[PDB]
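> Per the authors' numbering, the sequence shown runs over residues 12 to 41, 45 to 66, 93 to 186, 191 to 272, 283 to 301.
All C-beta atoms in this analysis are idealised placements derived from N, C-alpha and C, irrespective of residue type, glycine included.
For reference, the structure I am asking about is given below.
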Amino acid sequence: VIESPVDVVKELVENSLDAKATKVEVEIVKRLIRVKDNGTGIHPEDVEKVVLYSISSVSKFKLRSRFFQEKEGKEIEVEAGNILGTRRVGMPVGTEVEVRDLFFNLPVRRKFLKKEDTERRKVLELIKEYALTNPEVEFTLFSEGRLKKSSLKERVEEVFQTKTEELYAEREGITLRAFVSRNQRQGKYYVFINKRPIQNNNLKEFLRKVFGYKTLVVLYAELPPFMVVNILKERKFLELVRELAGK
Ligand code: NA
Ligand code: NA
């Protein structure tokens with residue numbers, strides 16, 4: 012399930028969000047993964063139990105959590121799934137997790153790990169997907185320096205460092221919004237159907253044709269009862295995408 016550091020930060024950030032956090036701070040060094051949390055935190059009683093929620097606790101793992109109605113907070117150090125110890129720790133309400141030397145104990149899986157720059161790009165892409173999906177949540181990413193963005197509405201412009209034209213179209217159940225910037229050096233086409241990102245190549249080429257190439261297109265779709283690769287009732291969706299590319 013883990014296989015690489017982007018899957019670690021994915022599990023930890025997903026947990027942070029389920030914990031109702033409005034601020035997520037991710038740090039990587041290429045090896046440390048650290049996810050700091052704004053959320054409800056974990057009862058001291060439950061910290062051991064949740065360390066055996094989080095497995096990926098088998099690589100050199102440390103977690104501290106303070107529950108929002110508790111005043112202390114609790115830290116547990118485990119190594120390759122073996123608890124090394126615990127201590128009570130002063131800290132703000134929330135959760136911090138440090139992963140540190142992923143697959144130190146499993147050399148063959150450690151040798152599956154890519155170049156450090158590749159893993160850095162996978163993490164960066166994941167964090168910007170979470171940001172583009174959650175405008176109301178602050179996100180921060182530390183690689184060596186700082191990546192940083194706050195509560196917003198159009199954070200598309202912050203993420204992609206460009207101004208954008210906003211387009212809106214709605215028909216039957218389908219609601220979709222686009223953010224487009226036409227001068228780009230390279231075209232980049234991002235699609236989110238509901239909150240889930242869609243990597244489909246055919247759809248991206250349809251956006252290349254309908255909004256033109258060498259353009260940034262960020263598409264947000266909302267539909268109620270559909271599948272998710284994913285299927286829907288396609289013709290009306292696609293001619294809606296054409297319709298709002300007609301501004
Ligand atoms: Na958590
Ligand atoms: Na400890």
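Please report the distance separating the alpha-carbon of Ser99 from that of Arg289.
Looking at the two C-alpha atoms, the distance is approximately 47 angstroms.
> Using the C-alpha atoms, what's the distance from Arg215 back to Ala299?
In a straight line, the C-alpha of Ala299 is about 14 angstroms away from that of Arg215.
> Could you spell out where the alpha helix (DSSP H) holding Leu164 opens and where it closes?
Counting along the chain, the alpha helix (DSSP H) containing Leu164 begins and ends at 156–173.
> Within 10 angstroms of its Cβ, does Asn246 collect 16 or more other Cβ (buried), or is it exposed?
With fewer than 16 other Cβ atoms within 10 Å, it is exposed.
> Quick one: grab the DSSP three-state call for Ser27.
Of the three classes helix, strand and coil, the one that applies to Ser27 here is helix, per DSSP.
> How should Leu124 be labelled, buried or exposed, when 16 other C-beta atoms within 10 angstroms of its C-beta is the threshold for buried?
Label assigned to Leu124: exposed.
> Suppose the cutoff is 7 angstroms on Cβ atoms and the five residues either side in sequence are ignored; what does the same chain contact list for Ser97 look like?
Cβ neighbours of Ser97 beyond the five flanking positions: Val65, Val118, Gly121.
> Taking its Cβ as the centre, do 16 or more other Cβ atoms sit within 10 Å of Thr135, making it buried, or is it exposed?
Classification for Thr135: buried.
> Which residue wins for smallest C-alpha separation from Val272, given the options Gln230, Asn244, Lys151, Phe255?
It is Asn244 whose Cα lies nearest to the Cα of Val272.
> Quick check on the DSSP output: the beta strand (DSSP E) that includes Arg149 runs from which residue to which?
Segment 147–150 is the alpha helix (DSSP H) holding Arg149; no beta strand (DSSP E) there.
> Between the region 132–151 and the region 160–172, do at least 3 Cβ pairs fall closer than 8 angstroms?
At 8 angstroms Cβ cutoff, the stretches do not touch.
> I need the DSSP call for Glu59, collapsed to helix, strand or coil.
Of the three classes helix, strand and coil, the one that applies to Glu59 here is helix, per DSSP.
> Mind checking whether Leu191 and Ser225 have CB atoms under 8 angstroms apart?
Contact flag unset, no.
> Listed in chain order, which residues are found with a beta carbon closer than 5 angstroms to a heavy atom of ligand 1?
Those satisfying the condition are, in chain order, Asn26, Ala30, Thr135.
> Using a Cβ-Cβ cut-off of 8 angstroms (strictly less than) and excluding sequence neighbours within five positions of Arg149, which residues of its own chain qualify?
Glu14, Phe143.
> May I ask you to report which of helix, strand or coil DSSP gives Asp141?
Residue state, collapsed to three classes: coil.
> Quick one: which unbroken beta strand (DSSP E) runs of 3-plus residues sit fully inside the region 217–254? Chain order, please.
Runs of the beta strand (DSSP E) inside the region 217–254: 218–225, 232–237, 240–242.
> DSSP three-state label for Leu196, please.
Looking at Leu196 - three-state DSSP - the assignment turns out to be coil, as it is neither helix nor strand.
> Quick check on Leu267: does DSSP put it in helix, strand or coil?
Coil.
> Less than 8 angstroms between the beta carbons of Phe236 and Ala213, yes or no?
Not a contact, by the Cβ cut-off of 8 angstroms.
> Any heavy atom of ligand 2 inside 7 angstroms of the beta-carbon of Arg127?
True, at least one ligand heavy atom lies under 7 angstroms from that Cβ.
> What's the call for residue 3, buried or exposed, on a 16-neighbour Cβ count within 10 Å?
Residue coverage of the chain in this structure runs from 12 to 301, which leaves residue 3 outside it and unanswerable.
> Taking DSSP as the reference, what is the three-state secondary structure of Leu103?
Correct three-state label for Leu103: strand.
> Would you say the beta carbon of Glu115 is closer than 7 angstroms to some non-hydrogen atom of ligand 4?
No copy of ligand 4 appears in this structure; the ligands present are ligand 1 and ligand 2.
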